Amino acid sequence: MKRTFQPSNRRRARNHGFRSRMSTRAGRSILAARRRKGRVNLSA
Amino acid sequence: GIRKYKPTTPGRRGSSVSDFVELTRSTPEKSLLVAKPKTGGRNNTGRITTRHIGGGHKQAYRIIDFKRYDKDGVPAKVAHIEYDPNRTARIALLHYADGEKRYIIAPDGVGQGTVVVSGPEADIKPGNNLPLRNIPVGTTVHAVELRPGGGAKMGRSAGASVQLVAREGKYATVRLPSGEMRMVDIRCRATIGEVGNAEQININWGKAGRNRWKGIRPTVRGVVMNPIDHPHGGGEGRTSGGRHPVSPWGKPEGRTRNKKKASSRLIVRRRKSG
RNA sequence: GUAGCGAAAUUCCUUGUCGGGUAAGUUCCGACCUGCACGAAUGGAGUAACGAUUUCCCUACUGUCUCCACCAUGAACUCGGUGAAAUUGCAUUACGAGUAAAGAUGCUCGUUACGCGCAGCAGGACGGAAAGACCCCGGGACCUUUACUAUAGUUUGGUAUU
RNA sequence: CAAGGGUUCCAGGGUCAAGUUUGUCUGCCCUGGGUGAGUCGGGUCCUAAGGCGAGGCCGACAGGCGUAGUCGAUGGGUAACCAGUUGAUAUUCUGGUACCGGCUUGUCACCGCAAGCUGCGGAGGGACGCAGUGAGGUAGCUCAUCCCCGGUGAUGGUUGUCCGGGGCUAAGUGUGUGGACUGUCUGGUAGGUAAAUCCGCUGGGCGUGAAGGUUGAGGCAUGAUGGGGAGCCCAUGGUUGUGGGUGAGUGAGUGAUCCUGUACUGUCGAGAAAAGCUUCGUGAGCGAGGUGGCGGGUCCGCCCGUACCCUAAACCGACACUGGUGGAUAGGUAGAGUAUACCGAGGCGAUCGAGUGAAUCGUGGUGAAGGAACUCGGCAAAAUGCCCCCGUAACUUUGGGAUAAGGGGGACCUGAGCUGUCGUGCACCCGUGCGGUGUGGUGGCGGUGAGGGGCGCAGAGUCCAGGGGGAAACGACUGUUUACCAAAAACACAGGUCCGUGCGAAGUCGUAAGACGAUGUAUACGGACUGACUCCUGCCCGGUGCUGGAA
RNA sequence: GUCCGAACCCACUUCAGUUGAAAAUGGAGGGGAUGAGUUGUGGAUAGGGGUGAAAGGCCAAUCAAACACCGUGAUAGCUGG
RNA sequence: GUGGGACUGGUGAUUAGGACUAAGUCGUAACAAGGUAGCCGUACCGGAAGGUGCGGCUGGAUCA
Ligand SMILES: [Mg+2]
Ligand SMILES: [Mg+2]
Ligand SMILES: [Mg+2]
Ligand SMILES: [Mg+2]
Ligand SMILES: [Mg+2]
Ligand SMILES: [Mg+2]
Ligand SMILES: [Mg+2]
Ligand SMILES: [Mg+2]
Ligand SMILES: [Mg+2]
Ligand SMILES: [Mg+2]
Ligand SMILES: [Mg+2]
Ligand SMILES: [Mg+2]
Ligand SMILES: [Mg+2]
Ligand SMILES: [Mg+2]
Ligand SMILES: [Mg+2]
Ligand SMILES: [Mg+2]
Ligand SMILES: [Mg+2]
Ligand SMILES: [Mg+2]
Ligand SMILES: [Mg+2]
Ligand SMILES: [Mg+2]
Ligand SMILES: [Mg+2]
Ligand SMILES: [Mg+2]
Ligand SMILES: [Mg+2]
Ligand SMILES: [Mg+2]
Ligand SMILES: [Mg+2]
Ligand SMILES: [Mg+2]
Ligand SMILES: [Mg+2]
Ligand SMILES: [Mg+2]
Ligand SMILES: [Mg+2]
Ligand SMILES: [Mg+2]
Ligand SMILES: [Mg+2]
Ligand SMILES: [Mg+2]
Ligand SMILES: [Mg+2]
Ligand SMILES: [Mg+2]
Ligand SMILES: [Mg+2]
Ligand SMILES: [Mg+2]
Ligand SMILES: [Mg+2]
Ligand SMILES: [Mg+2]
Ligand SMILES: [Mg+2]
Ligand SMILES: [Mg+2]
Ligand SMILES: [Mg+2]
Ligand SMILES: [Mg+2]
Ligand SMILES: [Mg+2]
Ligand SMILES: [Mg+2]
Ligand SMILES: [Mg+2]
Ligand SMILES: [Mg+2]
Ligand SMILES: [Mg+2]
Ligand SMILES: [Mg+2]
Ligand SMILES: [Mg+2]
Ligand SMILES: [Mg+2]
Ligand SMILES: [Mg+2]
Ligand SMILES: [Mg+2]
Ligand SMILES: [Mg+2]
Ligand SMILES: [Mg+2]
Ligand SMILES: [Mg+2]
Ligand SMILES: [Mg+2]
Ligand SMILES: [Mg+2]
Ligand SMILES: [Mg+2]
Ligand SMILES: [Mg+2]
Ligand SMILES: [Mg+2]
Ligand SMILES: [Mg+2]
Ligand SMILES: [Mg+2]
Ligand SMILES: [Mg+2]
Ligand SMILES: [Mg+2]
Ligand SMILES: [Mg+2]
Ligand SMILES: [Mg+2]
Ligand SMILES: [Mg+2]
Ligand SMILES: [Mg+2]
Ligand SMILES: [Mg+2]
Ligand SMILES: [Mg+2]
Ligand SMILES: [Mg+2]
Ligand SMILES: [Mg+2]
Ligand SMILES: [Mg+2]
Ligand SMILES: [Mg+2]
Ligand SMILES: [Mg+2]
Ligand SMILES: [Mg+2]
Ligand SMILES: [Mg+2]
Ligand SMILES: [Mg+2]
Ligand SMILES: [Mg+2]
Ligand SMILES: [Mg+2]
Ligand SMILES: [Mg+2]
Ligand SMILES: [Mg+2]
Ligand SMILES: [Mg+2]
Ligand SMILES: [Mg+2]
Ligand SMILES: [Mg+2]
Ligand SMILES: [Mg+2]
Ligand SMILES: [Mg+2]
Ligand SMILES: [Mg+2]
Ligand SMILES: [Mg+2]
Ligand SMILES: [Mg+2]
Ligand SMILES: [Mg+2]
Ligand SMILES: [Mg+2]
Ligand SMILES: [Mg+2]
Ligand SMILES: [Mg+2]
Ligand SMILES: [Mg+2]
Ligand SMILES: [Mg+2]
Ligand SMILES: [Mg+2]
Ligand SMILES: [Mg+2]
Ligand SMILES: [Mg+2]
Ligand SMILES: [Mg+2]
Ligand SMILES: [Mg+2]
Ligand SMILES: [Mg+2]
Ligand SMILES: [Mg+2]
Ligand SMILES: [Mg+2]
Ligand SMILES: [Mg+2]
Ligand SMILES: [Mg+2]
Ligand SMILES: [Mg+2]
Ligand SMILES: [Mg+2]
Ligand SMILES: [Mg+2]
Ligand SMILES: [Mg+2]
Ligand SMILES: [Mg+2]
Ligand SMILES: [Mg+2]
Ligand SMILES: [Mg+2]
Ligand SMILES: [Mg+2]
Ligand SMILES: [Mg+2]
């Protein structure tokens, strides 16, 4: 059937992209937390 | 007028439609249109603040001159009478005798070719716009300004009518279509005559679809909701509200006008009653 | 408690009573009113048309049935290849009448039974799957209100702005 | 093709793993290779929804909103086609022939408070719904005694039209047939943010009763002496390609979902924006007496994508999963059809098999007599089914009910006449040299056919394809709903009533500013209940609520 | 918001499946099919909140208050060890 | 034979009014100004006669 994940690169980049995260202070703190943890992927 | 539909199909059975006899032109003036995207009843916060709004046929806004006093003394010919989807009245397209074209609410009785004018020395004819000090007492006007220079705000819908009853001092007393008696500044402008298309209220839409493309979404009455959704919600089987009638937000029925504002200019309340 | 309607999606008694339909009708349709406990915009009574709605009947039609038979196929079955699953205290795991935590393969007294497989059927192992939802007790959640205590909001007056 | 995937694509080597079996094979592994654009799809251009937002306003802080702006396609704008080639790429490379923008150059013509260029805006334009019919075309398709290239048949016949195949070419340019568009010459001018000679609004003169002009469905010409297109050659090389051998390009029928066409007609629910573009000036600067125009020549033309899968074994579903996935093309015969049956272009034989008349389960098939006796219940199945013609009840809101019900005919052979269209041809208007027009043609093709006839159990012979009637309850109706046990009598609904709201509306979101309501104004808006329509809607204000009043 | 009927959308009945081909489907029928239709792309509304032709429905395969992390080794007169 | 209509008779639980009969019950509506003049059409109301509104009539009258 139609499943939950329907990919769209533009929507993904607008939602979880680096600039989207940098727009708000919550996203900036998320990037900081991922940097502290050591993720190689800071954002989508 | 109104044209009654024949009962060929259900939903067309009791319905009716205006015959559009007064329209002289089936297209609008291109230079007086702006885009009017739909809101769906949503706020600038993106939430529904006015319910029951959405969908409907696409519409283009017609720029209506509700001031009329920046063309004082310039006669205009009523070039056309045409349809405005944004209102229950018709719109008269006016060709001023200087090249400027404009739109007004079409007064009842005016048609293609008649000459309208604005100003204190304007003649008292339907469609002419004058200050209230110059409009004679006992006259039926429309498109009345609350504050001088603010533009038309009262008596604008189809068939609307305002009665000028007195001009004592620096205030003119007007009976609004609600029947309320109100005082306004004599310098406030008004257009002679009443609004046309007065018979549109008798239109039977006869069809859920016609309001659906008029832009009205279905209305779910609160008594068939759940208690979390509406104070009238709940109950086993069909019930009443289980309480006195209230709004979906728990506000009891009652007068809601702010008792302390411009009440010093209201002579008597509308007196709907029964 | 009016018009209207009434054993009704409402009638407990109840398969009320009478009438129609059937060879036979607790359902049905028309009546009666004795309305346990109808009723007029939480609308009353009707209503052509509409309905994958509910109910009754007639006709046509048939394997629905009397009453099943036969045919072909995908599994099943045999051979070669590949190869799981839930479950699992144990094992060389009968029946009868008993007995016992009151329903026994396992205890008593008897009876029967050579060892091991294959295809099958589901009576039992209180079979498997889900720390019963029903019930109660403890906790929680959400909902309600003329429960308590508060509060946003709305409103009153004072005072500052004055 | 898009989305998504990301090297799966190609060649060679490999068979541990993966593949529901095997495997020499692979979408697997290993190595190397493969994607070429001024025109295609995006960016360099434009805006929609929406996002962000200099200042700004609002908010203890954090922040909210928003102006000027600036982004943002799913839309607007925008110049190229055919053929050929590779193991893998092709509106990209190559061939042929075009187009667009620059730079530069040759030549001709022209300007000069007064060139031009660039900014800046004005106006025009871009620019818009839904539904329907018809007309003129073309694509396509069919047929052919016509033109080509073959064939003469394993078994009776098969050298005449008997059989098979083919009967082709683009963008661009020119032409201007249908069709469409369009009076002309001057004057004035409260408007178009600064202006306008470009617009708008108005005054006159003349004016066919259309005549020119402008335009451009197709056709023709050109592009094209080219390209493409079968079987004959010493030969090739023997699952091969080379050089010659390419032959034809006819006519009719039928006919679009395409073109004219945003046409035309109908219609209420009244159907984006902005830029490019044309023109107008000048609220800006540049700029010399140098530019700007029309034909001709040279060079310059950027970035990203381009392989491959893609109604799927490569995407979304943990799988190489009977599921889901937007768009384009979509031939023949029977048919109303994009249904269905069998076929075409093309692609597949499906990723464990071999057997064997067990019971049994699934999936189909048939059935004597009976025909709902089954069962909670006609559940399932059967019957009915198509077209044409005849005919059709209670009731009704006059529309319906209705395909009511209930009947007849259908295919095959032959076939008189009637028609669609074309036709060499007759005469004729000819504006002929018109790409024409009306009479008019033995005929070809197609459609339709009264009548007559044949055969069978059966002629809508297969697939496909309503059972019908009577009555009651509920809801008027079409719709909507518990994704994953309830589709209903529930919700909605059109209609109705009451209450609120005089506009900074009430109401709602928010701390606020603001916003929706609404660029609406009481014939409106918000809330409540009721729920088409018909006839109606009684009595009670004590209680509670609401409204008003204030001793 | 006509009728019959494909695509398309739906999900009424039945059978099968129910360690499925499939964490909701398949076969046979069935409803809508010019409309309150359906669908693509992008966008908006966010957790006591959204949205809801209203079923407490839906909000990333279990919603009478999502998910993740944190307070946190919550607490449990209860069950187990 | 089959099918769908047309017309019509009997019958029908139940129900409606009509006629007649107790010398039944309930009121007194009309006939006199019948004790509210009567009646006509219509409307609503009421156990029942009737009551009332609107318009009309004299087949009523007071007072002239
Ligand atoms: Mg998801
Ligand atoms: Mg314009
Ligand atoms: Mg925001
Ligand atoms: Mg509403
Ligand atoms: Mg509107
Ligand atoms: Mg409910
Ligand atoms: Mg509540
Ligand atoms: Mg309630
Ligand atoms: Mg109840
Ligand atoms: Mg009974
Ligand atoms: Mg009972
Ligand atoms: Mg009986
Ligand atoms: Mg009442
Ligand atoms: Mg009530
Ligand atoms: Mg009730
Ligand atoms: Mg009702
Ligand atoms: Mg009813
Ligand atoms: Mg009915
Ligand atoms: Mg239904
Ligand atoms: Mg029978
Ligand atoms: Mg088998
Ligand atoms: Mg085996
Ligand atoms: Mg015992
Ligand atoms: Mg025993
Ligand atoms: Mg024993
Ligand atoms: Mg022992
Ligand atoms: Mg065994
Ligand atoms: Mg077995
Ligand atoms: Mg057993
Ligand atoms: Mg058990
Ligand atoms: Mg359970
Ligand atoms: Mg337990
Ligand atoms: Mg549980
Ligand atoms: Mg508690
Ligand atoms: Mg919970
Ligand atoms: Mg105060
Ligand atoms: Mg004060
Ligand atoms: Mg790629
Ligand atoms: Mg590789
Ligand atoms: Mg790979
Ligand atoms: Mg490969
Ligand atoms: Mg293997
Ligand atoms: Mg290999
Ligand atoms: Mg290989
Ligand atoms: Mg730019
Ligand atoms: Mg914007
Ligand atoms: Mg700032
Ligand atoms: Mg820009
Ligand atoms: Mg952009
Ligand atoms: Mg390729
Ligand atoms: Mg090519
Ligand atoms: Mg080339
Ligand atoms: Mg412009
Ligand atoms: Mg427009
Ligand atoms: Mg022979
Ligand atoms: Mg041929
Ligand atoms: Mg001017
Ligand atoms: Mg100016
Ligand atoms: Mg045609
Ligand atoms: Mg490529
Ligand atoms: Mg490719
Ligand atoms: Mg494909
Ligand atoms: Mg698949
Ligand atoms: Mg996968
Ligand atoms: Mg055909
Ligand atoms: Mg097919
Ligand atoms: Mg083929
Ligand atoms: Mg394929
Ligand atoms: Mg496989
Ligand atoms: Mg066997
Ligand atoms: Mg059968
Ligand atoms: Mg037989
Ligand atoms: Mg039989
Ligand atoms: Mg028989
Ligand atoms: Mg029979
Ligand atoms: Mg029976
Ligand atoms: Mg029985
Ligand atoms: Mg059935
Ligand atoms: Mg059948
Ligand atoms: Mg009919
Ligand atoms: Mg029939
Ligand atoms: Mg014949
Ligand atoms: Mg027949
Ligand atoms: Mg057929
Ligand atoms: Mg009834
Ligand atoms: Mg009943
Ligand atoms: Mg319904
Ligand atoms: Mg209804
Ligand atoms: Mg329906
Ligand atoms: Mg829906
Ligand atoms: Mg469900
Ligand atoms: Mg309404
Ligand atoms: Mg307000
Ligand atoms: Mg606003
Ligand atoms: Mg209701
Ligand atoms: Mg009282
Ligand atoms: Mg009361
Ligand atoms: Mg009070
Ligand atoms: Mg329809
Ligand atoms: Mg689809
Ligand atoms: Mg269901
Ligand atoms: Mg089952
Ligand atoms: Mg229908
Ligand atoms: Mg988004
Ligand atoms: Mg509930
Ligand atoms: Mg979910
Ligand atoms: Mg909670
Ligand atoms: Mg909620
Ligand atoms: Mg703590
Ligand atoms: Mg603990
Ligand atoms: Mg325990
Ligand atoms: Mg009788
Ligand atoms: Mg009396
Ligand atoms: Mg009397
Ligand atoms: Mg009375």
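Every chain is numbered from 1, with letters handed out A, B, ... down the list of sequences.
Computed from coordinates, the B:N44 CG to D:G50 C1' distance equals 13 Å when rounded to whole Å. In this entry the distance linking CG of A:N9 with P of D:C316 reads 11 Å, nearest Å. Rounded to an integer number of Å, the gap from NZ of B:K36 to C1' of D:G520 is 10 Å. Counting to the nearest Å, the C1' atom of D:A515 and the CZ atom of B:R47 are 14 Å from each other. Across the protein-nucleic acid pair, B:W205 atom CH2 and D:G496 atom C1' stand 17 Å apart, rounded to whole Å. Distance CZ (B:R87) to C1' (D:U521): 10 Å, rounded to an integer number of Å. The CG-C1' distance, from B:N258 to C:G153, rounds to 15 Å in whole Å.
Below the 3.5 angstrom threshold, one finds no donor paired with an acceptor across the side chain of B:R257 and the base of D:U501. Side-chain atoms of B:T45 and base atoms of D:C509 include no donor and acceptor less than 3.5 Å apart. On a pure distance criterion of 3.5 Å, a polar donor-acceptor pair joins the side chain of B:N43 and the base of D:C509. Side-chain atoms of B:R13 come within donor-acceptor range of the base of D:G399, with a qualifying N/O pair under 3.5 Å. Contact of B:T50 with D:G507 (side chain to base): a donor-acceptor pair of N or O atoms is detected under 3.5 Å. For a distance-only test at 3.5 Å, the side chain of B:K153 fails to qualify as a donor-acceptor partner of the base of D:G504.
Close to D:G4, at under 4.0 Å from its OP1 or OP2, lies no side-chain N or O of A:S8. At E:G52, none of the side-chain N or O atoms of B:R51 fall inside 4.0 Å of OP1 or OP2 (strictly under the cut-off). Checking the phosphate oxygens (OP1, OP2) of D:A518, no side-chain nitrogen or oxygen of B:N86 falls inside 4.0 Å. Contact annotation: B:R156 side-chain N/O to D:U521 OP1/OP2 distance is under 4.0 Å. At the phosphate of D:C201, OP1 or OP2 sits under 4.0 Å from a side-chain N or O atom of B:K101.
RNA chain E is contacted by both A:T4 and B:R217; B:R217 maps to the nucleotide lying nearer its 5′ end (nearest heavy atom per residue). Mapping B:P10 and B:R221 onto RNA chain E via the closest heavy atom, the residue that lands nearer the 5' end is B:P10. Sequence order on RNA chain C of the closest nucleotides to B:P227 and B:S240 puts B:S240 first from the 5' end.
When heavy atoms are screened at a 4.0 angstrom cut-off, B:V17 is found touching the sugar-phosphate backbone but no base atom. Within 4.0 Å of B:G41, counting heavy atoms only, lie sugar-phosphate atoms of the nucleic acid but no base atom. Residue contacts for B:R175: at a heavy-atom cut-off of 4.0 Å it reaches no nucleic acid atom on any strand shown. Nucleic acid contact class of B:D229 (heavy atoms, under 4.0 Å, all strands): base.
In this strand, D:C430 does not stack on its neighbour D:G431 by the test of ring centres under 5.5 angstrom and planes under 30 degrees. Under the 5.5 Å and 30° stacking definition, the step from E:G42 to E:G43 qualifies as stacked. In this strand, F:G46 does not stack on its neighbour F:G47 when judged by six-membered ring centres under 5.5 Å apart and planes inclined by less than 30°.
Glycosidic conformation of C:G4: anti, with the torsion beyond 90° of 0. D:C110 shows a glycosidic angle within 90° of 0 and is accordingly assigned syn. For D:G174, the base adopts the anti conformation, since its glycosidic angle falls more than 90 degrees from zero. Nucleotide D:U86 carries an anti base; the chi torsion (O4'-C1'-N9-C4 or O4'-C1'-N1-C2) is more than 90° from 0. Base orientation of C:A122: anti, since the glycosidic angle falls outside 90° of 0.
Checking D:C268, D:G520, E:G40 against the side-chain heavy atoms of B:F66 singles out D:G520 as nearest. Set against C:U145, D:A270, D:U523, the side chain of B:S26 has D:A270 as its closest nucleotide.
For C:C143, there is no paired nucleotide, since no Watson-Crick or G-U wobble pair has both relevant distances below 3.5 Å.
To the nearest whole angstrom, the two P atoms, one in D:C315 and one in E:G26, are 23 Å apart. A distance of about 14 Å separates the P atoms of D:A139 and D:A256, rounded to the whole Å. A distance of about 16 Å separates the P atoms of D:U133 and D:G266, rounded to the whole Å.
Hydrophobic clustering of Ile, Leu, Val, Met, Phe, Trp and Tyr side chains at less than 4.5 Å, counting indirect connections, keeps B:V137 apart from B:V165.
The residues B:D84 and B:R87 are annotated as salt-bridged, a charged nitrogen and a carboxylate oxygen being separated by less than 4.0 angstrom.
Stacking of the aromatic ring of B:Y61 onto the base of D:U519 is found: the ring centres lie under 5.5 Å apart and the planes are inclined by under 30°.
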